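Okay, so here's just one chain, in structure tokens, the form deposited in one PDB entry.
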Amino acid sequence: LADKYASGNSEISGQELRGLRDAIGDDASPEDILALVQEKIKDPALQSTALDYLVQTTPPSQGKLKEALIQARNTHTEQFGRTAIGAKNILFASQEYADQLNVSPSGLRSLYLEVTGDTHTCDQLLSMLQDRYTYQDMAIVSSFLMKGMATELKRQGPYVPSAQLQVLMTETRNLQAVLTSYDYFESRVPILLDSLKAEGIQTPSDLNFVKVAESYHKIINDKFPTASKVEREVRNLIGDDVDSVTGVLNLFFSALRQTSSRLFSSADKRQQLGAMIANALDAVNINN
């Protein structure tokens, strides 16, 4: 039934599916069929969905038509590949998350196909997304990406690059942890900067939580960090006032404690970084 096939799909109605069915004659060619599907349905994922409905609900009396519909669907899949099938696989997730975000489901499916169409590291995902979404919305988008990928791994098929998706899920999980980290900086950085300003300590006026968080992540990802290289990172960020430098170092030490256990290679590595930061705090006081 068209209503059943359209149930819970916010982008196609039962009426639209029945209309398409009724417009397709018994002797329609595959080309005729695709022309009508294209006219009535704009998005390739939804076209593919409509084609599944048409094939599946053509009765035996219309054997010729069923064959033509199967050919039409095969041609559509030949045309689009993963662009149709991958998007179709995540249709309902895209609708759920589009509702959350108040955006188009199709735009989310395009983003999903962009993310899943290449290797991306966490850094690359952050860079793509931060120009397109607020940090708050990035967290929601990350949940969408995770849900979509898990759905495709459940579905399998030639247009699902399962091993690639597994790696992207690891990197997305990493992104989620980075976003949580950024929330700590978003809370604390304005407080620190306002506190310094209230005591007449000048800090660069373009310094914000993102820049501070970027410096912290650079330190935890450095293959050869040292106490001196942490202190220098901080001085490059906020300048040379002893209280400014101390405040950022304490903030980094606190951030370390709370960072996920996926953004370090081991608990030993996290401890080593903490000891470096503590050594930098001591150095800053000695040299004051």
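What we label the rigid core is the largest C-alpha set whose atoms superpose within 1.5 Å from one form to the other. A residue's number is simply how far along the shown sequence it sits, counting from 1.
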Between 199 to 207 and 82 to 90, name whichever shows the higher mean Cα B factor according to the PDB entry. 199 to 207
Stretch with higher mean Cα temperature factor, 146 to 154 vs 93 to 101, is 93 to 101
Just the C-alpha B-factor column, please: which of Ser244, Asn250, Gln258, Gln47 has the biggest number? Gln258
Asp123: CA temperature factor from the record, placed by chain third, in the middle
Comparing against every modelled residue in the chain, figure out the third that the C-alpha B-factor of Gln38 lands in (lowest, middle or highest). highest
Within-chain third of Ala283 by Cα B-factor, per the entry: middle
Entry-reported C-alpha B-factor of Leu65 relative to its chain, by third, is highest
Chain-relative CA temperature factor third for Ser29: highest
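Just so it is clear, the following notes concern the form deposited in another entry, a form of the same protein that is not shown.
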Does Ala45 count as moved between the shown form and the other one, where moved means a C-alpha shift of 2 angstroms or more after fitting the rigid core? no
